[PDB]
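So the protein lines, in turn, are chains B, C, H, L and F.
FYI, in full-length UniProt numbering the residues of the first sequence are 300 to 620, 641 to 676, 689 to 744.
Just add 992 to wherever you are in the second sequence, counting from 1, and you've got full-length UniProt numbering.
FYI, in full-length UniProt numbering the residues of the third sequence are 745 to 811, 813 to 827, 855 to 1140.
Just add 744 to wherever you are in the fourth sequence, counting from 1, and you've got full-length UniProt numbering.
FYI, in full-length UniProt numbering the residues of the fifth sequence are 27 to 66, 81 to 143, 165 to 172, 186 to 242, 263 to 299.
Cβ coordinates follow ideal geometry from the N, Cα and C atoms, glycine included.
Reading through the structure tokens given below for one structure.
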Amino acid sequence: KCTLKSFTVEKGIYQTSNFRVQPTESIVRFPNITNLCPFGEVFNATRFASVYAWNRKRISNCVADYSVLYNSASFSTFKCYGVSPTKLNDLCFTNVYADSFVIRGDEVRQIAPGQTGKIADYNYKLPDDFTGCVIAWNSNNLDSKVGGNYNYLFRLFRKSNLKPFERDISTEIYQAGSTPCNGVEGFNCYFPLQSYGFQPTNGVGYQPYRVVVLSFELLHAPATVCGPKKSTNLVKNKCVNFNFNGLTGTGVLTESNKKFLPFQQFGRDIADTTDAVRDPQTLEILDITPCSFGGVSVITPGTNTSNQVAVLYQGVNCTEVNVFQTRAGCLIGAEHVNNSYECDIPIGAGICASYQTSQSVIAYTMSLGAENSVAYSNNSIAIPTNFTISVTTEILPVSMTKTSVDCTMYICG
Amino acid sequence: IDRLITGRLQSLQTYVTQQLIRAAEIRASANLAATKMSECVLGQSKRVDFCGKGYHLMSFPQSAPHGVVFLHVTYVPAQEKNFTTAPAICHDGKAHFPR
Amino acid sequence: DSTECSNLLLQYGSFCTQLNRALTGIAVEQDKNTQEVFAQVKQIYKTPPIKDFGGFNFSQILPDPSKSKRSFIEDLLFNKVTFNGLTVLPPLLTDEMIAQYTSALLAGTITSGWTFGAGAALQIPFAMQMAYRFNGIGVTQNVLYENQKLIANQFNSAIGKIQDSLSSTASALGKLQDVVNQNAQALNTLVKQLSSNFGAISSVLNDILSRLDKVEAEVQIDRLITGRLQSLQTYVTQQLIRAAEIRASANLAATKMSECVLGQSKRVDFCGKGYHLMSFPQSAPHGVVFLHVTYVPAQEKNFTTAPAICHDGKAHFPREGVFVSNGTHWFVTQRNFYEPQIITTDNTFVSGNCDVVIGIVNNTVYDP
Amino acid sequence: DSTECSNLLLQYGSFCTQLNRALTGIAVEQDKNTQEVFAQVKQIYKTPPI
Amino acid sequence: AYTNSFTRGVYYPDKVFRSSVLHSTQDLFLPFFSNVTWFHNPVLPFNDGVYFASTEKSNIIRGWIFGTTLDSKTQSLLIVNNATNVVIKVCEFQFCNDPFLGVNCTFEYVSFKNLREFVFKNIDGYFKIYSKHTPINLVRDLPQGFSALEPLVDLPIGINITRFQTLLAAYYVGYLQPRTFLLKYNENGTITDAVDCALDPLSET
Ligand SMILES: *[C@@H]1O[C@H](CO)[C@@H](O[C@@H]2O[C@H](CO)[C@@H](O)[C@H](O)[C@H]2NC(C)=O)[C@H](O)[C@H]1NC(C)=O
Ligand SMILES: *[C@@H]1O[C@H](CO)[C@@H](O)[C@H](O)[C@H]1NC(C)=O
Ligand SMILES: *[C@@H]1O[C@H](CO)[C@@H](O)[C@H](O)[C@H]1NC(C)=O
Ligand SMILES: *[C@@H]1O[C@H](CO)[C@@H](O)[C@H](O)[C@H]1NC(C)=O
Ligand SMILES: *[C@@H]1O[C@H](CO)[C@@H](O)[C@H](O)[C@H]1NC(C)=O
Ligand SMILES: *[C@@H]1O[C@H](CO)[C@@H](O)[C@H](O)[C@H]1NC(C)=O
Ligand SMILES: *[C@@H]1O[C@H](CO)[C@@H](O)[C@H](O)[C@H]1NC(C)=O
Ligand SMILES: *[C@@H]1O[C@H](CO)[C@@H](O)[C@H](O)[C@H]1NC(C)=O
Ligand SMILES: *[C@@H]1O[C@H](CO)[C@@H](O)[C@H](O)[C@H]1NC(C)=O
Ligand SMILES: *[C@@H]1O[C@H](CO)[C@@H](O)[C@H](O)[C@H]1NC(C)=O
Ligand SMILES: *[C@@H]1O[C@H](CO)[C@@H](O)[C@H](O)[C@H]1NC(C)=O
């Protein structure tokens, strides 16, 4: 009634809707998890270098879990710049560089973009366009020593402040005033680097803190460092949403006989649509079939005779949806009948429906006519002894309604 | 306004294209009706099933809104009997055929 | 099945309803086209168990009961001709129902001639039916009965050449294979147009929605909607134009069923070349085949001829036939087969005197 | 003959090829229409001189 | 010297199975019947990519170098069949300027009687290698016939090339050019024939 925009419906079959199976679940497949990164070598080292001349470790060609860098009790503070702490486990990078150093507990605020003062302007300058993470922890149990640890130095003097990441190692005497250095200190001639001298009795502002900055890069080059190959169990003989190595689709997956060559991953149909895939965790081939769909047609004797209807799910098997499987599709609400009649309402593939016996929609194989063996022989003839004058009506269209449209008044007006 | 012009012009092009395709079908039907007027109202057609079923005697035109109706009058043979038959008969040693 | 695209497509209004309404008219017409060719027979006529047809052998065109019970020739014809929201619907009559109609048309024709087309089927012996078909081309029926073994052998031999043609090449069925090819090429083109960008950043719809913010993604998706909607309007317009050509062909096939199979046509070249005797339908994939049987005259001789002849000052004309001479004697013959009769007062009619007719010749006219 | 336009027109896919193919079907039909009417004679018959 | 390439140098263009089908593809291919340059070891251009092949029985050729300068200055590819297995490194190599094998680094990887055939190309920071090995009867030239080259490696090196040289008894070099090919896939998903669509008017048909 709504499809026809009418409260009265004539006898017929009408398409009212489209049926569609929907994915029952989602699956993901990637290859077996392999080549995990040795990130433990960055954080568990015996000592680091001086913050004026920090030490760099390279990580490449591997996969990792980064969530440990804040879920571990080992790290007193964690930050990320241009990156989110959860999103690390989904991201990828060309290389990872760990910049490693020690500073006193007051100073950790300096390891941030656009900072000013001694660490930022003389030791480790961070720009706005940086991409990476900062891992910081108290190390008074590791780096402090009796009589004071002098292995850690910081720059205090320079001719001008650092550019972004300017690792200036130079040790020459800064001339603050009248005394020329000649390779040594004097009145207002001073050595540009200062010792921390870390001792275990220090207060929390003067205790050593270890820092690692994970200085990431992405180039014009591809990635080499990534999150893990997140995967599910496999599903077969049901409509699912799927992902194989990043190839995504929806369909019914099933085992197949198709013999791919050892390097081939995906199969395509003559119209370039994907028709098969390899499971990356067990190298057998699956056919893909589309998730089932078709027209929905309503069969009615018309509202002037009944509110009863049958419904045809065109091309659908009744498995997907009285109930009866025709070759036109699954037919619901019609009685199958073993008689045959003239076609009342056509369903397709030799099937028709009518409203009959106290009454219901019935479905039957249509009848082409009564059979007749003609009484033929080599010497028998039939001759008509009488006639009927017959008058027959033929109706033919001759004209349409003549129409005119002003294209400017239709479009504009 | 150019979004409305684009959609309304495509809407009107779709209408005129399907009216051109529908007019060609109505012209085929009118050419058939003009042939039935000549061959069955103005003549007695010997063409099988061109003008009703059975052997055509004559037909009459009646007008209808946007069309024509033909009333086709035909002879239908009605009450058959079976007989023995022969292609020829033999008389004075010579074969006779029905004239 | 993208929800974001689906809500933008609502801005285009009725277009998706009228594309389906247009294609539904095409689909209903293909069943109507088929019904008008094959369902011309009121009853499913069937041939007797014994085949006493006067020497004519229909075995290659009648049903094979061991087979759908297609004929031998219908099986050759069925061998030689050979999903993104798109669906193919079944025809209403199955190939087995089409073959029951061509079987009933053929059985009615063989057992009752033209009579089953005009009323009840009236049986007649097959050689006596072929004698009436000889009278229908203007050859006297004694010419059939005196040559019946020759005419039957020429028919049986000419049917054998159909089997050889249909076994030795596929090239004859090119009209039916062309229809299969055109509809496949149109659907493949419609699917391949889903890979086109139409000016968008990508043709993949989820790829756009992953790269872009809501208001920018809508501008990219409206290009794919525009191009994919134009892609369907192009397919549906082409199917509407192509269906009008198939309907013209099915109207012709329905006319050849009535005039060539249910009757004997006088219309020159309508039912093959030569004078039409009869024709037989055979079903084929998406189509029909007519086997048209015609009389062709074969071995002409020259004769002298005259428009009239002179006897007792009266001018005589032939009632049917033409006056001819072998050089010494004058005869009258039927026009389409040389069979010379002596000229008599009942082979001929008088009209006026010897003075008027240009080219009249003197002869005796015998008076029995 | 602009290459800048031609590379944009490729993004519309099959539309250009199926327009050329449609007009080629029109053109081949005109020769068929003409042979169906006029080529109905097997031999080039000639009248006598008298 | 030079010799006719015939129908050789076709490789599988992508990781996709196709079967019983004719596929039209546009990519860098060796044009049909073009000349290869023939050698019995100079530095050579790389262009858009290279087809390389050798008639062999001596096993004299062992590897290749690819780069911009092929020098200690900058990152370049070294590829060697190191008797046990294939070994690859990307480095600024300090070896002799006419390099041979006896009768920093950014990346590393580990894997007449016959014709050995290879294709090399570099696209958006990936280095592609394809190959085939076959028996032969012809001595002096590439044998007239067909066999498609299958991929070996797809290395994410991020580094570019303009020249190459061979490390080491006779071998052939041709250049890939942007071409359209029609490729014939059989039931078992192998490429079994091809048409170079620009070769002649019949191939274009
Ligand atoms: C023209 O036809 C007549 C009749 O068929 C031929 O006359 C007959 O010829 C044979 C052989 O000479 C005789 O046995 C018959 O007795 C003849 N009949 C009569 C009535 O004369 C005549 O020979 C034919 N002429 C030509 C030129 O062929
Ligand atoms: C993946 O791991 C499982 C369990 O170790 C093993 O059975 C399977 O063969 C592996 N698949 C591949 C492709 O290595
Ligand atoms: C319909 O589905 C069932 C499986 O549930 C299958 O056995 C049957 O053969 C199918 N029938 C058709 C006609 O597809
Ligand atoms: C049709 O025949 C089947 C099998 O004999 C039977 O189960 C069914 O009840 C019959 N239905 C009707 C309405 O005859
Ligand atoms: C012929 O039919 C009419 C009715 O149509 C009937 O009245 C008449 O008696 C019949 N004549 C013969 C000879 O059967
Ligand atoms: C005589 O003809 C009728 C039909 O008019 C038929 O039913 C009957 O079977 C025929 N007679 C015989 C002996 O078959
Ligand atoms: C009819 O023709 C077929 C094929 O030539 C042949 O096998 C059959 O024996 C013939 N039948 C008769 C009765 O001659
Ligand atoms: C008829 O006459 C013409 C002209 O004399 C001649 O060419 C021809 O061979 C004759 N015979 C036949 C059978 O036409
Ligand atoms: C027939 O035509 C010829 C010229 O071709 C002429 O000589 C002759 O007189 C004509 N005869 C008649 C009866 O017209
Ligand atoms: C035909 O007969 C008439 C009357 O007997 C005669 O006058 C005329 O000369 C004859 N013509 C010929 C050509 O024999
Ligand atoms: C090679 O790569 C570098 C860095 O991407 C680039 O500067 C250079 O122009 C490239 N050279 C060639 C010949 O492509």
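- Task: Look at the alpha carbon of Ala609 (chain B) and the alpha carbon of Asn532 (chain B), and state the distance between them as a whole number of angstroms.
- Result: 41 Å
- Query: From F:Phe140, F:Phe186, F:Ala222, F:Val227, pick the residue whose C-alpha is nearest to that of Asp287 (chain F); which is it?
  - Reply: F:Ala222
- Compute every distance between the C-beta of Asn1074 (chain H) and the non-hydrogen atoms of ligand 8, then say whether any falls below 8 Å. yes
- Message: Once DSSP output is grouped into helix, strand and coil, what is the label at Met731 (chain B)?
- Response: coil
- Query: Is the distance from the Cβ of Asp427 (chain B) to the Cβ of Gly447 (chain B) below 9 Å?
  - Reply: no
- Item | DSSP state of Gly311 (chain B) mapped onto helix, strand, coil | strand
- Item | Per DSSP, cross-strand counterpart(s) of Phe65 (chain F) | F:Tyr265
- Option nearest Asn125 (chain F) by Cα separation, candidates F:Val171, F:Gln115, F:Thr95, F:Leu110: F:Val171
- Item | In DSSP terms, what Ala348 (chain B) is bridged to | B:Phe400
- Item | Segment contact flag, the stretch 1092-1104 of chain H with the stretch 1044-1061 of chain H, C-beta cutoff 8 Å, min 3 pairs | no
- Message: Closest to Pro499 (chain B) by C-alpha separation, out of B:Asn710, B:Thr724, B:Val445, would be which residue?
- Response: B:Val445
- Segments of 3+ residues assigned as beta strand (DSSP E) that fall wholly inside the stretch 1056-1089 of chain H: 1059-1067, 1076-1078
- Item | Alpha-carbon to alpha-carbon, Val729 (chain B) and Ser1021 (chain H) | 20 Å
- Using Cβ-Cβ distances below 8 Å, what residues of the UniProt region "Heptad repeat 1" (920-970) of chain H are close to chain L? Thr961, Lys964, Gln965, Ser967, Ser968, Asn969, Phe970
- Item | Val36 (chain F) - DSSP class collapsed to helix/strand/coil | coil
- Task: Pull up the DSSP beta-bridge partners for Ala713 (chain B), would you.
- Result: C:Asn1074
- Item | Secondary structure of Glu224 (chain F), DSSP reduced to three states | strand
- Message: Taking 9 Å as the threshold (C-beta atoms), are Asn87 (chain F) and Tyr28 (chain F) in contact?
- Response: no
- Classify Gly1124 (chain H) as buried or exposed, calling it buried when 16 or more other Cβ atoms lie within 10 Å of its own Cβ. exposed
- Take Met1029 (chain C) and list the residues in its own chain whose beta-carbon comes closer than 7 Å to its own, dropping the five residues that flank it on each side. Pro1053
- Item | Spatial neighbours of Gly880 (chain H) in its chain, beta-carbon cut-off 7 Å, leaving aside the 5 residues before and after | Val785, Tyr789, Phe888, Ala893
- Query: Among residues of its own chain, excluding the 5 on either side of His207 (chain F), which ones have a beta-carbon nearer than 7 Å to its beta-carbon?
  - Reply: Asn188, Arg190
- Give a yes or no on whether the C-beta atoms belonging to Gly566 (chain B) and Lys557 (chain B) are separated by under 9 Å. yes
- Task: Tell me the start and end of each unbroken beta strand (DSSP E) in the UniProt region "Heptad repeat 1" (920-970) of chain H that is at least 3 residues and wholly inside, in chain order.
- Result: none
- Message: Below 9 Å on C-beta distance, what does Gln580 (chain B) contact in chain F?
- Response: Chain F residues near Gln580 (chain B): none, gap ~17 Å exceeds 9 Å.
- Query: Looking at the structure shown, is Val289 (chain F) part of a helix, part of a strand, or coil, going by DSSP?
  - Reply: strand
- Task: Kindly indicate which three-state DSSP category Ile997 (chain H) falls into: helix, strand or coil?
- Result: helix
- Considering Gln762 (chain L), what are the terminal residues of the alpha helix (DSSP H) in which it resides? 759-782
- With a cut-off of 9 Å, does the C-beta of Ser750 (chain L) fall near any C-beta of chain H? no
- Item | Any chain H beta carbon closer than 9 Å to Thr723 (chain B) | no
- So which of F:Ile285, F:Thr33, F:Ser116 has the shortest CA-CA distance to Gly199 (chain F)? F:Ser116
- Just how far apart, CA to CA, sit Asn460 (chain B) and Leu335 (chain B)? 40 Å
- Taking 9 Å as the CB-CB limit, is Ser704 (chain B) close to chain C? no
- Given that a residue counts as buried once 16 or more other Cβ atoms are within 10 Å of its Cβ, and exposed if not, what is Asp745 (chain L)? exposed
- Task: Enumerate in chain order the residues of its own chain whose CB-to-CB distance from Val615 (chain B) is below 7 Å, with the five nearest sequence positions on each side excluded.
- Result: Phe318, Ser591, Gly593, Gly648, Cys649
- Message: Is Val1128 (chain H) close to ligand 10? I mean its beta-carbon at under 8 Å from any heavy atom of the ligand.
- Response: no
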